[PDB]
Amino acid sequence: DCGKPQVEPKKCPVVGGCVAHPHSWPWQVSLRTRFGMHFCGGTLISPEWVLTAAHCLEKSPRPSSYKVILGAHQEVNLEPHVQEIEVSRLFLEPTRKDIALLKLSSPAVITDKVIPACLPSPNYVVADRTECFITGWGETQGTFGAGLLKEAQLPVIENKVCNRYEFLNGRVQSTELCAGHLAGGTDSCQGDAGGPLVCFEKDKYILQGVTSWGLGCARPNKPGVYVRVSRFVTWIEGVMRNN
């Protein structure tokens, strides 16, 4: 069962936001160098497949340079039941968009703490003001939580508005979506790239965005930009089916 956490997540009372309830985001992955340094996030979407951002892989096209950590809450002192799986192959999206698939060397073991996220239907458009969640271990910019998995609940901003001069001034593609608090203070940041933007739909969480870029982090009128997963579901499914 994708999208349904065994440990239920909690809202807040990553810059700002709050520390997640441990293991409430069981599809969250830590992308690390073959030396063990965290540098990006990802999302488990099936036992053998992780979705991340293509820019997270710019340094090396060799699958050997990457390892995936699953089931973690601490970033440094990894808990014992954490799964560390090597990457067997890399699939960059073929039209140069900021999304990529990692095929794991072995299927992740599905547990209470490691569960895949669900994928959306093709071309679904998250509606304006939908409150979704972003998660990760990235920079906190003096906001507490460093070293622990953090979350933030952010409203989606429809592309027609996000592209106005007052916000991102024509920079956002239809294959991307915008989310964030326009007053600033809470945002994904460096170290969170490649990680998930999930939305609650009926009874489970659906992966709708991949953390990609922004004009800074948590600045006023500068919401984060995410790859719009629904525009790549058909590609993703074809890669999994044929590999």
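Between two forms, the rigid core is the largest collection of C-alphas that superpose within 1.5 Å. The first residue of the shown sequence is 1; numbering continues from there.
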| request: Could you tell me which of the two stretches, 132 to 140 or 102 to 110, has its Cα atoms lying farther from the shown structure in 4 other deposited structures of this protein after fitting on the rigid core? | output: 132 to 140
| query | Looking at C-alpha RMS in 4 other deposited structures of this protein with the core superposed, is it 195 to 203 or 182 to 190 that drifts more? | reply | 182 to 190
| Count class of deposited residues lacking coordinates, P13 to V14 | 1 to 3
| query | Where do the C-alpha atoms have the higher mean temperature factor in this entry, in 229 to 237 or in 14 to 22? | reply | 14 to 22
| note | Higher of the two mean Cα B-factors (129 to 137, 71 to 79; per PDB record) comes from 71 to 79
| field | Selection by C-alpha B-factor (highest) of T95, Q173, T111, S121 | value | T111
| task | Report the option among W27, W49, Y66, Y205 whose CA atom has the maximum B-factor in the deposited record. | result | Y66
| query | Would the CA B-factor of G224 place it in the lowest, middle or highest third of its chain? | reply | lowest
| message | Please say which third, lowest, middle or highest, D192 falls into when its CA temperature factor is compared across its chain. | response | lowest
| said: Ranking every modelled residue in this chain by its Cα temperature factor as given in the entry, which third contains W213? | reply: lowest
| Ranked by Cα temperature factor within the chain, is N159 in the lowest third, the middle third or the highest third? | lowest
| note | Of the three thirds of Cα B-factor ranks in this chain, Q153 occupies the middle
